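**Student:** Pasting the sequence and an experimental structure:
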Amino acid sequence: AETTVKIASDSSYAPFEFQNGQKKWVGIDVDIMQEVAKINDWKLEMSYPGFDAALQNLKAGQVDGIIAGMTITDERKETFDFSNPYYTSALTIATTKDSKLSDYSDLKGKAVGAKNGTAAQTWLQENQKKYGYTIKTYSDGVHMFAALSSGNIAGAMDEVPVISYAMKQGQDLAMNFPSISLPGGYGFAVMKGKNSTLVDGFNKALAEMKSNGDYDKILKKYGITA
């Protein structure tokens with residue numbers, strides 16, 4: 001019967017992987033992986049220990065691959081082989097829907113938020129002298145978006161898919177600023193030199209899903225492009 005495939009992911013990264021109201025695992029990565037497995041006649045066993053644990057479990061041979069919004073980078077290619085990117089994310093500034101701010105130049109003298117430890121934070125730091133905002137740093141999304149709604153930041157930098165999902169959820173957000181592409185894209189990962197069948201299967205199924213409408217339907221479920 002079917003070949004079993006163990007894939008580990010993050011424990012909370014909406015809209016890529018997260019638990020719904022019924023505690024069921026959903027998200028872009030979940031839906032993509034489930035369909036990749038269906039197309040390839042694989043018996044999928046998903047686990048959600050968190051990204052760092054997933055990497056540990058993958059190196060230890062405890063799982064066969066990872067899908068967890070994992071950026072493809074030259075350094076990571078020293079340890080992992082990747083699929084083609086199945087999504088390429090981007091950063092932008094979220095505002096309330098009533099805000100007129102829309103240009104990175106409009107930020108002079110204003111407070112802009114980001115979550116600690118993220119690419120958004122780094123981009124803000126890199127471009128602060130360029131654009132002249134002040135940076136407020138938040139522990140997590142709930143706190144950052146509460147500051148935006150309270151008017152204590154004029155904008156909140158985050159990922160386009162994360163803001164899109166929040167907008168789909170009905171949060172008071174708009175994306176009026178340009179997007180800053182996050183190079184590399186997200187890929188399915190296996191250990192370098194191992195499991196090429198999984199990578200090839202992923203790539204083939206991805207191309208099929210893009211071509212047949214299923215990929216677009218998945219992204220739209222979570223509010224993306226859209």
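**Tutor:** Received it, and whenever you're ready, just let me know what you need. Numbers count the residues shown, from 1 in each chain.

**Student:** Over to residue 129. Which of the three states is it?
**Tutor:** For residue 129, the assignment made with DSSP: H, G, I helix; E, B strand; the rest coil gives helix.

**Student:** Centroid-nearest residue for the protein?
**Tutor:** In the chain, the C-alpha nearest the mean C-alpha coordinate belongs to residue 69, at 4.6 Å (C-alpha atoms, centre = their mean).

**Student:** what about that one, distance to residue 87?
**Tutor:** Distance, residue 69 to residue 87, using C-beta to C-beta, to the nearest Å: 8 Å. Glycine gets a C-beta too; all of them are placed from N, C-alpha and C.

**Student:** next one: residue 182
**Tutor:** To residue 87, residue 182 is 10 Å away according to C-beta to C-beta.

**Student:** cool, residue 201 as well?
**Tutor:** Counting by C-beta to C-beta, the gap from residue 201 to residue 87 is 18 Å.

**Student:** still on that earlier bit, return every residue with contacts to both of residue 69 and residue 87.
**Tutor:** Common neighbours of residue 69 and residue 87, using C-beta atoms under 8 Å, 6 or more residues apart in numbering, are residue 186.

**Student:** Bridged to residue 87, which residues?
**Tutor:** For residue 87, the beta-bridge partners are residue 186 (DSSP bridges).

**Student:** residue contacts, the residue nearest to residue 104 when sequence neighbours are not counted?
**Tutor:** Distances taken as C-beta to C-beta, 6 or more residues apart in numbering place residue 131 nearest to residue 104, at 5.4 Å, with adjacent residues excluded. Counting by C-beta under 8 Å, 6+ apart, residue 131 touches 104-105, 107-108.

**Student:** now do residue 172
**Tutor:** Shown in contact with residue 172 (C-beta under 8 Å, 6+ apart): 96-97, 149.

**Student:** What values do phi and psi take at it?
**Tutor:** Main-chain torsions, residue 172, degrees, to the nearest 10: phi -80, psi 80.

**Student:** quick one: it from residue 149, how far?
**Tutor:** According to C-beta to C-beta, residue 172 and residue 149 sit 6 Å apart.

**Student:** what residues are shared contacts of those two?
**Tutor:** Common contacts of residue 172 and residue 149 (C-beta under 8 Å, 6+ apart): residue 96.

**Student:** if we can go back for a sec, now, of the contacts of residue 172, which are buried?
**Tutor:** residue 96 (16 or more other C-beta atoms under 10 Å).

**Student:** pretty sure residue 135 belongs to a helix, no?
**Tutor:** No: under the criterion used here (three-state DSSP), residue 135 is strand, not part of a helix.

**Student:** Perfect, that will be all.
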